[PDB]
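Notes follow once the structure below has been shown.
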Amino acid sequence: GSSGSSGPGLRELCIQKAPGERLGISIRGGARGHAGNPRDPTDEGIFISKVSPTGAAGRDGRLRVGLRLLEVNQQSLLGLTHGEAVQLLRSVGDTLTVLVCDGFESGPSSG
């Protein structure tokens with residue numbers, strides 16, 4: 001009957017990029033980094049803080065600034081710190097598996 005999105009978000013997704021291209025994405029958080037959630041300081045979650053247009057994601061169409069990073073390449077970011085988590089995203093060959101999902105829209109975008 002009624003339908004709005006009609007698409008998965010918290011499922012297993014991946015980003016196909018060149019054999020040596022940098023994703024070109026940004027994230028904010030960490031087991032220590034400033035509490036990702038401005039509401040509760042006891043939150044070390046990690047969510048995208050920015051995404052490059054020329055990056056594998058920016059072009060992909062599924063990766064945006066607001067998708068909470070659940071796991072990168074079947075590697076839960078739970079336990080590691082921003083520094084570690086980040087390196088985990090760039091530690092992929094030409095394609096990774098992100099389990100992100102619609103977390104919060106950061107307004108309209110261009111391109």
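Identifiers in the structure tokens: chain A, B, ... in order shown; residue index from 1 per chain; ligand index from 1 in order shown.
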
Checklist entry - Hey, what's within 12 Å of residue 111 (chain A) if we count only C-alpha atoms and toss same-chain stuff fewer than 4 positions away? As a list in words, please? => result residues 52, 53, 54, 58, 59, 60 and 61 of chain A

Item to check | All helix (DSSP H, G or I) positions in chain A, as a list in words | outcome: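 Answer for chain A, restricted to helix (DSSP H, G or I): residues 56, 57, 58, 59, 60, 82, 83, 84, 85, 86, 87, 88 and 89 of chain A.
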
Export of prior selection with N, CA and C atoms as a compact mmCIF listing (two decimals), in the first residue's frame:
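Final file, result_6.txt:
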```txt
# COMPACT_ATOMS: atom_id res chain seq x y z
N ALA A 56 35.41 7.69 -3.99
CA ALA A 56 34.63 6.51 -4.35
C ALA A 56 33.20 6.62 -3.84
N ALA A 57 33.05 7.16 -2.63
CA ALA A 57 31.73 7.32 -2.03
C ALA A 57 30.96 8.45 -2.69
N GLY A 58 31.47 9.67 -2.57
CA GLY A 58 30.81 10.81 -3.17
C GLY A 58 30.15 10.48 -4.49
N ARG A 59 30.86 9.74 -5.34
CA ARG A 59 30.34 9.35 -6.64
C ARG A 59 29.38 8.17 -6.52
N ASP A 60 29.70 7.25 -5.62
CA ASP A 60 28.87 6.07 -5.40
C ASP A 60 27.39 6.44 -5.44
N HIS A 82 39.24 6.72 16.75
CA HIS A 82 39.14 7.44 15.49
C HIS A 82 40.32 7.11 14.58
N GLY A 83 41.53 7.32 15.10
CA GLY A 83 42.73 7.05 14.32
C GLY A 83 42.72 5.65 13.73
N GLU A 84 42.37 4.66 14.55
CA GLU A 84 42.33 3.28 14.10
C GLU A 84 41.18 3.05 13.13
N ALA A 85 40.00 3.53 13.50
CA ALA A 85 38.82 3.39 12.65
C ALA A 85 39.08 3.93 11.25
N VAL A 86 39.62 5.14 11.18
CA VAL A 86 39.92 5.77 9.90
C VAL A 86 40.81 4.88 9.04
N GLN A 87 41.95 4.49 9.59
CA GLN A 87 42.90 3.64 8.88
C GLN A 87 42.21 2.37 8.38
N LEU A 88 41.16 1.95 9.08
CA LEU A 88 40.42 0.75 8.71
C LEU A 88 39.63 0.98 7.43
N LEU A 89 39.22 2.22 7.20
CA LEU A 89 38.46 2.57 6.00
C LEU A 89 39.37 2.69 4.79
```

Next on the checklist: Residues near residue 103 (chain A), anyone? I mean within 12 Å using only C-alpha atoms, not counting same-chain ones fewer than 5 positions away, as a list in words.
Outcome noted: residues 9, 10, 37, 45, 46, 47, 48, 49, 63, 64, 65, 66, 67, 68, 69 and 70 of chain A

Item to check | Among the residues A:28, A:17, A:22, A:90, the one that comes closest to residue 43 (chain A) [using only C-alpha atoms] | outcome: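 Closest candidate: A:28.
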
Checklist outcome for this item: Closest of A:79, A:71, A:31, A:106 to residue 11 (chain A), counting only C-alpha atoms, is A:71
